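As structure tokens, one chain now follows by itself in the form deposited in one PDB entry.
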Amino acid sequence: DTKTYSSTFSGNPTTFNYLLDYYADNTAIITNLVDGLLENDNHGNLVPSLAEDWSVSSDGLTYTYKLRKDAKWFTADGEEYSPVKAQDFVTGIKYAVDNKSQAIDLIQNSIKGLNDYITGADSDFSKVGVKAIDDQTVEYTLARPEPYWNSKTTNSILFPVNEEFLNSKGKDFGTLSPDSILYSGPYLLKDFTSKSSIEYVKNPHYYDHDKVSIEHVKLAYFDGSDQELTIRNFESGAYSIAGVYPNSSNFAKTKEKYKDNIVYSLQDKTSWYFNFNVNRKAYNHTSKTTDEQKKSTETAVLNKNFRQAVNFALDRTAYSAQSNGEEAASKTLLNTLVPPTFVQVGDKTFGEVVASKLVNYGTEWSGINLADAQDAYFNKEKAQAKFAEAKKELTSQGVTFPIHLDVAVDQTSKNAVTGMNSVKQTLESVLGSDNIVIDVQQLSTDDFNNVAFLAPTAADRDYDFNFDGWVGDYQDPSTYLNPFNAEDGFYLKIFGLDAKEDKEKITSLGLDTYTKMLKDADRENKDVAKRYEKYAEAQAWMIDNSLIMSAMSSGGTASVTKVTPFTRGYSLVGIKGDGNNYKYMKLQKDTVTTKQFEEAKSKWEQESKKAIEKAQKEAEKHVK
């Protein structure tokens, strides 16, 4: 049945409130249920969704969108509720800001007048830069140019909501009940039963129903156990797709029976990295026992040669092999914060341009290759030479060796313990345990969140280094680089740093240089090739200074599938461009072969690079 997608869901959905929530387990559902202004085609271009047309002013400050006449709201049973109107986009922003949406930073500094609204005693919302010119016309006025603004509209904080429905539901809006939202997307939510089932049905009156091929989507809850049985459901025809997991027991027969069908998904939008804490104050989780050890570690992590030595000794493949497969460990490798083909810079990839700038920082970077799916960094001799320089500098400063580094893990993630033990093993093998000792702090999930992700302030980060990630949310290198800026970077805290109190240490680390590189790049909003080259300078600075050490992406997982490759909508950012968007997806009767996938990927790489060209000039025609 090529009209029924049957699979599983393994996360715990918590809310359908697409305006206030941006958690992946929730957006994977509501992207099928609610449309925004734009969506993505299968090549990554922004294309019409609820908006059939759009324009931008010459100064880049005013975006206007024309809603299509048959954009409609439906209740979950499929009955028409009301046409979508431009005021619904005003309602959405006011509601998202008044209730402090998880995604508010996407718009707070972007829409004109919004930051003042969130701080006036009675700041009137009619001063905010979102307006319904008439029923079919929504107009956004921005506080500064944002060449990436349209890509933001694929995030659900920018989706519309009908005010009368919103007001009538009140506290019952956007729960886990299908009737707690209205539907404007390709599907209706026919069922949601917590920890058992999600079912979508194609909306036959959706404006783009003729483009929707999958009529039924059935997802069964997968609780993480008994991995050996979803392949059996693939063979029987009960499932359209089946993951192939190293943590399983039937692997042998699976890999070999499906050796010519196992395909790997594209690397997705989460950039994982290791980072240092260079301003540690919290020592509730340490194997160090003396003030002198803590002083030695604090001085070491401030030494750039020391951080680079760790960087060159961190074997990313061995870490990836523990969580994923050792065969497929290389599929997820990532060497930059900004994925190396995230944008093109003229004839070159972003990663090629970053490499050209990075070589200027030192002979240790000569020949560096930052491409995906290989480890750019690991190099024993480079690590040992860097450490020897660091040890001379640090000994001269009064430090005692070996340097002990604490890293915390959630002990309930088996991939996390085995992964960090691999990092300990490799670092100590390469640099020597008379030089460095990695002390893994196994913690409960609650304690692990308290030392890092949920640490109340920068001063509460309780580790010397950590493994962490960033999800990009708009189509510009700054989405990955801005969080680490020294004026107001949201993620300065992961380094233990606060912009005001640690201004001196921030300057001494060179982060003012990084921050000025980002400002200079953001200034370029007419020539994107020049804009992106300037962001490459900042990415190269970050790599050289090794406060962040890029490691891997998400995605890149093995499966057998009946999904015809490269037909679904696709994007690097937003929620309309991942494997959870069934609208453009097509199913086939026969299992995809590795050979078919290779030919489809080459065809897609040709057509995508070309269509992105035709799409840009296309956007030059929308400048009004």
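The first residue of the shown sequence is 1; numbering continues from there.
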The stretch whose C-alpha atoms carry the larger average B-factor in the entry, 74 to 82 or 539 to 547, is 74 to 82
Once average C-alpha B-factors are taken from the entry for 469 to 477 and 132 to 140, the winner is 132 to 140
The residue of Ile403, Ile506, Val417, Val217 with the maximal C-alpha B-factor according to the PDB record is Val417
Per the deposited B-factor column, the C-alpha that peaks among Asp527, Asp512, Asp179, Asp208 belongs to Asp527
On the chain's distribution of Cα B-factors, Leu572 falls within the third called highest
Sorting the chain's modelled residues by C-alpha B-factor and splitting them into thirds places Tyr22 in the middle
Among the modelled residues of its chain, the C-alpha B-factor of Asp35 falls in the third labelled lowest
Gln606: CA temperature factor from the record, placed by chain third, in the highest
In terms of its chain's C-alpha B-factors, the third that includes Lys562 is the lowest
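Although it is not shown, the form deposited in another entry is what the next lines describe.
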Is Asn115 part of the same rigid unit as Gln425 when the chain is modelled as two bodies moving between the shown form and the other one?
-> no
One pair moves by 3 angstroms or more in the other entry: the C-alpha atoms of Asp53 and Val345, which are farther
Cα of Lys610 vs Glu352, shift of 3 Å or more in the other entry, relative to this form: the pair sits farther
